[PDB]
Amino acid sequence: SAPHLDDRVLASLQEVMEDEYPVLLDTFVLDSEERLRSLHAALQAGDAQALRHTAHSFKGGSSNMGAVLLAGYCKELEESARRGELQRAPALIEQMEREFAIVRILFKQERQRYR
């Protein structure tokens, strides 16, 4: 569902990947759960460069899977961590967890349609 998922991106991806598509949804969830775990760890440690790195990785994985609002927040975190501006990091991690839970349920529902 828009505006959380850009059907543009995912319609093309499903068409190419065929039975790999359900594996990409499952993998996206696992890889994003590990990214969020890494961001919380980086936030507690006050590790700006780890926040920036992981944010940038997450931005790309989000964009690959048409999770465009999630990739937006990842970009914000990457750019502010790059400035050393960390005030917003807790609230952006929160925004990422609330947006990621939408994408996760949408992916778990779409996954159910496949064997």
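Position 1 is the first residue in the sequence shown; the rest follow in order.
*Asks:* Taking only the CA atoms, which stretch has the higher mean B-factor in the record, 85-93 or 41-49?
*Replies:* Mean CA B-factor is higher for 41-49.
*Asks:* Name the higher of the two by mean Cα B-factor in the PDB entry, 106-114 versus 3-11.
*Replies:* According to the PDB entry, the answer is 3-11.
*Asks:* Per the entry's values, where does residue 101 land by CA temperature factor relative to the rest of its chain, in the lowest, middle or highest third?
*Replies:* Within its chain, residue 101 is a lowest-third residue by C-alpha B-factor, going by the deposited values.
*Asks:* Per the entry's values, where does residue 30 land by CA temperature factor relative to the rest of its chain, in the lowest, middle or highest third?
*Replies:* Answer is middle: the recorded C-alpha B-factor places it there.
*Asks:* Considering every modelled residue of the chain and its Cα B-factor in the PDB entry, is residue 67 in the lowest, middle or highest third?
*Replies:* Middle third.
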